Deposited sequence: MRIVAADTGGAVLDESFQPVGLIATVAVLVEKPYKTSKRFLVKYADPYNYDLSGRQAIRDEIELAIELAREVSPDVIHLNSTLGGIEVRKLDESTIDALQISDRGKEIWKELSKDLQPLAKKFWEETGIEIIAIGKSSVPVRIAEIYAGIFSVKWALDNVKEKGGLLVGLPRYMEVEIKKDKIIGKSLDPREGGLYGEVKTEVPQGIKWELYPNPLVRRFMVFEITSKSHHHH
């Protein structure tokens, strides 16, 4: 099976660990053994002019996933929304009410349907590829999330006297001479990881530590040596 998935993750935090805005939207191609991705795309947001509430992310995600899918022709696209695996081209007012989600979730998706359903429909017509709202269940979506963490740190290195990056849940990053490696901290996930080439700037220091206000989320903090 060959899967394209997408996710948005990584946030700039203020000094009291409150998120300001999100950083990276990433689409990944994932193939057996489903532990990493070697082909991916990134779109960076502007975290300082981001509306955290909300849902530009999912629109950016589906667009980027389709863009990558047109190049690599996967079997399926996984979208990061836990709706039971329903095909997005089949999302209408009727099918959304039948969904086992909260009443806010239903109204959010009734609005999102207006743009996303025709998009998925046109893409399925062209290719036969479904876009499914699978979310938390998907390993490719979790690999996309790890890459969103990595690219958030890349963005921070490229855009830093100090920056706090809130990473996606329970993942770590490691800085190497010419690359950033991201890994899940959950061994139950079976060793999921990512790697992105980058040049690491001089004159800065970094540390990774637990976000004290959000258990199981880590903070990557960059500080200037000057």
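In this entry, the deposited residues absent from the coordinate set span 161-163, 230-233.
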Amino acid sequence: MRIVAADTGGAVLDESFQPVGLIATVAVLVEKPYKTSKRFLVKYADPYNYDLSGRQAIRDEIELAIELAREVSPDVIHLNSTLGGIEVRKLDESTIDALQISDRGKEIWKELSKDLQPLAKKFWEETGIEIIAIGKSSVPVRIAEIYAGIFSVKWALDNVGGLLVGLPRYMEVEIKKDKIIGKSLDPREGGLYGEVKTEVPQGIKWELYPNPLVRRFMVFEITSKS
From here on, numbers count along this sequence of modelled residues.
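On average the C-alpha atoms of 57-65 have higher B-factors than those of the other stretch, with 27-35 and 57-65 being the two compared. Taking the mean C-alpha B-factor of each stretch as recorded, 108-116 and 136-144 are not equal, and the higher mean is that of 108-116. The PDB entry assigns its highest CA temperature factor, among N80, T127, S94, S152, to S94. When the Cα B-factors of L192, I180, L41, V160 are read from the PDB record, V160 comes out highest. Sort the chain's modelled residues by C-alpha temperature factor and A45 lands in the highest third, per the entry. Ranked within its chain, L208 lands in the lowest third, by CA B factor from the PDB record.
When the modelled residues of the chain are ordered by C-alpha B-factor, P187 sits in the lowest third. Among the modelled residues of the chain, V72 sits in the middle third by CA temperature factor in this PDB entry.
When the modelled residues of the chain are ordered by C-alpha B-factor, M218 sits in the lowest third.
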